[PDB]
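Everything below concerns the one structure shown next.
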Amino acid sequence: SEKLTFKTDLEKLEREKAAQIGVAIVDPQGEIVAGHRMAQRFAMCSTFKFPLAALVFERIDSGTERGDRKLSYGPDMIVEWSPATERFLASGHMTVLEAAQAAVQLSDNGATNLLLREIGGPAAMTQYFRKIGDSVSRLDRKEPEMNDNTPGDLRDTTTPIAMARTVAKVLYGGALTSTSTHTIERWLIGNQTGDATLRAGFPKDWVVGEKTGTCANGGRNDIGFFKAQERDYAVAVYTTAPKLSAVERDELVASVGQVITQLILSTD
Ligand SMILES: *C(=O)[C@@H]([C@@H]1NC(C(=O)O)=C(S[C@@H]2CN[C@H](C(=O)Nc3cccc(C(=O)O)c3)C2)[C@@H]1C)[C@@H](C)O
Ligand SMILES: [Ca+2]
């Protein structure tokens with residue numbers, strides 16, 4: 001059983017690394033392919049920036065937002081890890097699209113907060129989840145507090161299965177226009193922060209796009225999609241490994257990528 005090997009290999013990682021690993025892989029329609037702790041809640045941390053960008057694109061598609069609109073800000077908007085926001089600070093603004101791309105591809109926190117305000121805050125982000133059929137994911141705070149990952153806290157959480165299904169809805173389920181879907185796909189492929197995580201564990205001929213997250217108390221996450229030949233999948237990986245170093249957490253997520261690969265390659 002290839003899925004039994006998948007489960008056993010994840011459990012070996014959990015045991016050896018003192019970690020918890022939540023995984024869901026779904027097909028484009030949200031049907032479950034495989035998972036582990038699929039419905040356990042984990043902090044989203046920076047992975048929510050992908051759904052945030054989808055919300056922004058939904059508004060651009062609708063006409064309630066414009067991609068080129070200039071969002072003015074001052075130094076008050078700069079928070080820890082805001083590389084693009086810092087560079088654009090002197091100019092005085094970033095456009096909606098510039099900010100969204102920085103949030104997705106650099107995990108820029110200042111850019112994330114800039115957008116959060118424009119779309120209606122954590123309440124509005126949560127309403128977007130509900131709109132697209134995700135009754136589970138919730139945003140309660142902005143940057144940086146949403147990354148606290150206090151044990152047991154249900155604020156700012158999702159589950160692997162809820163998030164994988166949200167990814168599939170956005171990329172394959174018609175949530176966005178064809179143009180906006182293509183753009184957000186390319187942004188995920190071109191992400192600058194995920195070279196050592198999930199995609200490091202996937203075959204080099206698979207098309208992979210993802211959004212990473214790192215939060216306190218040992219959280220390391222990676223969500224997105226992969227295309228293995230003609231077959232498209234959505235995937236969400238959330239891990240908690242308090243006793244690993246940062247490099248080791250990256251390697252853990254890459255290891256999960258290899259376990260996913262072994263399953264996908266053995267089931268075709
Ligand atoms: C979201 O969880 C969190 C911020 N996001 C991430 C993250 O994982 O996304 C981080 S951590 C850090 C900031 N940018 C990092 C990076 O160095 N990317 C990268 C690029 C090239 C090579 C490597 C490597 O292997 O060394 C890493 C990832 C950030 C805490 C919050 C703040 O929003
Ligand atoms: Ca200011």
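Naming works like this for the structure tokens: A, B, ... for the chains as they're shown, residue 1 at the start of each chain, ligands 1 onward in shown order.
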- Query: So which residues of region 65-149 of chain A fall under helix (DSSP H, G or I) by DSSP, listed as a ChimeraX atom specification?
  - Reply: /A:75-77,83-88,96-106,109-119,121-131,145-147
Output for the residues just chosen: C-alpha atoms as a JSON list (two decimals), in the first residue's frame:
[["chain", "number", "residue", "atom", "x", "y", "z"],
["A", 75, "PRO", "CA", 7.43, 54.45, 8.17],
["A", 76, "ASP", "CA", 4.61, 53.40, 10.54],
["A", 77, "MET", "CA", 3.86, 50.60, 8.07],
["A", 83, "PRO", "CA", 12.04, 44.19, 2.29],
["A", 84, "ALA", "CA", 9.96, 45.64, -0.56],
["A", 85, "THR", "CA", 8.01, 48.02, 1.70],
["A", 86, "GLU", "CA", 11.32, 49.39, 2.97],
["A", 87, "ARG", "CA", 12.65, 49.92, -0.56],
["A", 88, "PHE", "CA", 9.50, 51.71, -1.71],
["A", 96, "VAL", "CA", -2.14, 47.15, -4.92],
["A", 97, "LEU", "CA", -0.47, 44.71, -7.32],
["A", 98, "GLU", "CA", 3.08, 45.53, -6.20],
["A", 99, "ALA", "CA", 2.08, 45.00, -2.58],
["A", 100, "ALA", "CA", 0.28, 41.74, -3.34],
["A", 101, "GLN", "CA", 3.25, 40.37, -5.28],
["A", 102, "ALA", "CA", 5.66, 41.31, -2.47],
["A", 103, "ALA", "CA", 3.41, 39.64, 0.10],
["A", 104, "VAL", "CA", 3.26, 36.44, -1.96],
["A", 105, "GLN", "CA", 6.83, 36.25, -3.27],
["A", 106, "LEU", "CA", 8.85, 37.83, -0.46],
["A", 109, "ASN", "CA", 4.81, 41.89, 6.23],
["A", 110, "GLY", "CA", 4.45, 45.63, 5.64],
["A", 111, "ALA", "CA", 2.90, 44.94, 2.26],
["A", 112, "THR", "CA", 0.57, 42.42, 3.85],
["A", 113, "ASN", "CA", -0.64, 44.92, 6.45],
["A", 114, "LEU", "CA", -1.07, 47.57, 3.74],
["A", 115, "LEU", "CA", -3.42, 45.24, 1.84],
["A", 116, "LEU", "CA", -5.20, 43.98, 4.94],
["A", 117, "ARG", "CA", -6.39, 47.49, 5.67],
["A", 118, "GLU", "CA", -7.60, 48.06, 2.11],
["A", 119, "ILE", "CA", -9.69, 44.90, 1.93],
["A", 121, "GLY", "CA", -9.03, 43.73, 7.83],
["A", 122, "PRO", "CA", -8.95, 40.23, 9.38],
["A", 123, "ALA", "CA", -12.77, 40.17, 9.51],
["A", 124, "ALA", "CA", -12.93, 40.65, 5.74],
["A", 125, "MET", "CA", -10.22, 38.04, 5.12],
["A", 126, "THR", "CA", -12.27, 35.61, 7.16],
["A", 127, "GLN", "CA", -15.41, 36.52, 5.19],
["A", 128, "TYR", "CA", -13.54, 35.72, 1.96],
["A", 129, "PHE", "CA", -12.71, 32.24, 3.26],
["A", 130, "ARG", "CA", -16.40, 31.71, 4.01],
["A", 131, "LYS", "CA", -17.41, 33.04, 0.59],
["A", 145, "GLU", "CA", 0.92, 39.16, 16.10],
["A", 146, "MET", "CA", -0.94, 36.63, 13.92],
["A", 147, "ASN", "CA", 2.24, 34.53, 13.92]]
- Message: With DSSP run on the backbone, what are the strand (DSSP E or B) residues within region 37-227 of chain A? I'd like them as number ranges by chain.
- Response: A: 42-43, 70-72, 93-95, 157-158, 207-215, 219-227
- Expressed in Å to a single decimal, how great is the separation between CA of residue 236 (chain A) and atom 21 (C, counted along the ligand's line) of ligand 1?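 So the answer is 20.3 Å.
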- Task: Find the spatial neighbours of region 9-11 of chain A, counting only C-alpha atoms, within a cut-off of 9 Å - ignore same-chain residues fewer than 2 positions away - and output them as a list in words.
- Result: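 Surrounding residues, per the criterion: residues 4, 5, 6, 7, 13, 14, 15, 16, 20, 21, 36, 255, 256 and 259 of chain A.
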- Message: as an NGL selection string, please: the residues near residue 37 (chain A) (cut-off 9 Å, only C-alpha atoms, same-chain neighbours under 3 positions excluded).
- Response: :A and (20-24 or 40-41 or 159-161)
- Query: Could you state the separation of CA of residue 209 (chain A) and CA of residue 72 (chain A) in Å, given to one decimal place?
  - Reply: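 These two atoms are separated by 29.8 Å.
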- Just how far from CA of residue 235 (chain A) is CA of residue 266 (chain A), in Å to one decimal? 17.4 Å
- Let me have all residues with an atom within 10 Å of ligand 1, counting only C-alpha atoms and all ligand atoms, laid out as a ChimeraX atom specification. /A:43-49,79-83,103-110,112-113,142-148,191-197,200,211-216,219-222,246-247,250-251
Okay, now the selection with C-alpha atoms, as a compact mmCIF listing (two decimals), in the first residue's frame?
# COMPACT_ATOMS: atom_id res chain seq x y z
CA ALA A 43 -1.38 28.35 12.69
CA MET A 44 -1.46 29.72 9.13
CA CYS A 45 1.29 32.23 9.70
CA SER A 46 2.50 33.62 6.33
CA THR A 47 0.61 31.02 4.27
CA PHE A 48 -2.51 33.20 4.57
CA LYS A 49 -0.88 35.71 2.22
CA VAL A 79 7.37 45.92 10.49
CA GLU A 80 9.95 43.14 10.83
CA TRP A 81 10.72 41.57 7.44
CA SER A 82 9.37 44.15 5.02
CA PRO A 83 12.04 44.19 2.29
CA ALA A 103 3.41 39.64 0.10
CA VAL A 104 3.26 36.44 -1.96
CA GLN A 105 6.83 36.25 -3.27
CA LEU A 106 8.85 37.83 -0.46
CA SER A 107 6.42 37.30 2.43
CA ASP A 108 6.63 41.07 2.99
CA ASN A 109 4.81 41.89 6.23
CA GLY A 110 4.45 45.63 5.64
CA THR A 112 0.57 42.42 3.85
CA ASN A 113 -0.64 44.92 6.45
CA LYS A 142 -2.55 41.42 11.59
CA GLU A 143 1.25 41.30 11.30
CA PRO A 144 3.21 40.42 13.30
CA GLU A 145 0.92 39.16 16.10
CA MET A 146 -0.94 36.63 13.92
CA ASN A 147 2.24 34.53 13.92
CA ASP A 148 2.32 34.01 17.70
CA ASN A 191 8.08 32.68 -5.05
CA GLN A 192 11.50 33.65 -3.67
CA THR A 193 11.21 32.08 -0.21
CA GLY A 194 10.57 28.41 -0.87
CA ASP A 195 13.75 27.06 -2.47
CA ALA A 196 14.64 24.93 0.58
CA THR A 197 11.18 23.69 1.56
CA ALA A 200 13.24 21.05 -2.79
CA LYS A 211 3.77 30.01 -0.31
CA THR A 212 5.85 29.37 2.80
CA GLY A 213 5.30 30.27 6.43
CA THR A 214 7.48 30.39 9.54
CA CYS A 215 6.14 31.15 12.97
CA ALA A 216 7.02 30.97 16.63
CA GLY A 219 5.98 26.35 12.93
CA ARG A 220 7.09 25.76 9.35
CA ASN A 221 4.49 25.60 6.58
CA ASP A 222 4.21 25.43 2.78
CA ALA A 246 15.55 26.65 11.39
CA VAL A 247 17.62 24.78 8.78
CA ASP A 250 13.33 23.52 6.15
CA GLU A 251 14.75 20.04 5.65
- Query: Pick the closest to ligand 2 from A:53, A:139, A:38, A:78: which is it, counting only C-alpha atoms and all ligand atoms?
  - Reply: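 With only C-alpha atoms and all ligand atoms as the atom set, the closest residue is A:78.
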- Task: Give me the residues within 9 Å of residue 258 (chain A) as a ChimeraX atom specification, counting only C-alpha atoms and dropping any in the same chain fewer than 6 places off.
- Result: /A:198,200-203
- Message: as a count of residues only, please: the residues near residue 70 (chain A) (cut-off 8 Å, only C-alpha atoms, same-chain neighbours under 4 positions excluded).
- Response: 4
- Message: Ranking A:257, A:74, A:63, A:190 by minimum distance to ligand 2 and counting only C-alpha atoms and all ligand atoms, which one comes first?
- Response: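 For ligand 2, the nearest of the given residues is A:74.
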- Query: Neighbours of region 175-189 of chain A within 9 Å (only C-alpha atoms; same-chain residues fewer than 5 positions away dropped), as an MDAnalysis selection string?
  - Reply: chainID A and resid 50 53:54 57:58 60:61 101 104:105 132 169:170 207:211 224:225
- For residue 230 (chain A), which residue among A:135, A:8, A:205, A:249 is the nearest when counting only C-alpha atoms?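 Smallest distance to residue 230 (chain A) is found for A:205.
Remark: for residue 42 (chain A), the closest of the candidate residues A:243, A:138, A:69, A:227 is A:138 (distances computed over only C-alpha atoms).
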